[PDB]
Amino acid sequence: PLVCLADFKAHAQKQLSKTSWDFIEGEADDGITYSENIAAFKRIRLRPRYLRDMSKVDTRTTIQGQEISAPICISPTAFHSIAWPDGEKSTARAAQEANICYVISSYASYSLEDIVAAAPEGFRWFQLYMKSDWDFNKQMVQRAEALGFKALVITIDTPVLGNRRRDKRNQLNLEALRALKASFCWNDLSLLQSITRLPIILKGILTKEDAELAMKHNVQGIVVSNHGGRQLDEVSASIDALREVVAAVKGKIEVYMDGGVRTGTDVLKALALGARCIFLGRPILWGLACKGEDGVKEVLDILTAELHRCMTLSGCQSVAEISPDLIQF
């Protein structure tokens, strides 16, 4: 059986064509950061505190005031239909039942309407790639607000697409809203915040300088991320960049992260280092590829179970008790 996220990865590959699998991996250039996102987590040492009463371990928390089952959410990932026919519809249902945040990609296989319809009560954010046509922009935002999305995610590390050698060697042809065959800057944010009442979360920040700019522009949150190493390669591992970003923000706004989260202690470490919660990219697709909706739900349940387990073992009764004292410096 599939007992951890790594098993879902190994199994997901088989149910997918090399073309679709390589796209889901899609490391950029020499693929240094893709591997580093994981190695960076494995290097960190934990300092457990035993003999504490751990009879009741609470895994709940909140992001942007909204409560969720665990600090484990779904990061935006395009075309879920390459993994499972139902695409985002299955993902939405699983996210709703798991009661966590599902960030829908700007390039989903199904329309936002179809997705929302599949899981009405789901907590969800919308990742929108801004275009030159701001009429499309404000209309997409209003459309999102109308559909119940509770936040807008702006990914900033993709002005252009990363260089994924595998996709190029396979000459693309993404065959699962059809698959599509940027000049956005800090000032453009001022105009976006004027057309929406939705909190804005900037995704892709890796430095304290950009973190400072993010606060000067009054955004509601930051997702520390290097796009899973699919964009600019040889940058810091997201879990490492998390430290300086957290230190610069000083708790003014919520900071999250993604990239390489695969096991319970990775979540534990991100939280202890200052993140409000983590987001999953590829694991969600692995879940879909294996068992559709049940697959996504299983990945989420497994990671949550592991967090619950390492919190118990390390001596953290609740997310609030997860501190940097847990981290070996």
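Numbers for residues come from their place in the sequence shown, where the first is 1.
Where residue 232 is followed by residue 233 in the displayed chain, the model omits none of the deposited residues that would sit between the two.
According to the entry, the deposited sequence places 10 or more unmodelled residues between residue 181 and residue 182.
For the segment pair 211 to 219 and 69 to 77, the entry gives 211 to 219 the higher mean B-factor, averaged over Cα atoms.
Higher average CA B factor: 137 to 145, of the stretches 101 to 109 and 137 to 145. Among 224, 94, 174, 151, the highest C-alpha B-factor recorded in the PDB entry belongs to 174.
The residue among 239, 198, 245, 201 whose C-alpha atom has the highest B-factor in the PDB entry is 198. Per the PDB record, residue ranking by Cα B-factor puts residue 307 in the lowest third of the chain. When the modelled residues of the chain are ordered by C-alpha B-factor, residue 263 sits in the lowest third. Residue 29 sits in the middle third of its chain by CA B factor, as recorded in the PDB entry. When the modelled residues of the chain are ordered by C-alpha B-factor, residue 319 sits in the middle third. The deposited CA B-factor of residue 313 belongs to the lowest third of values across its chain.
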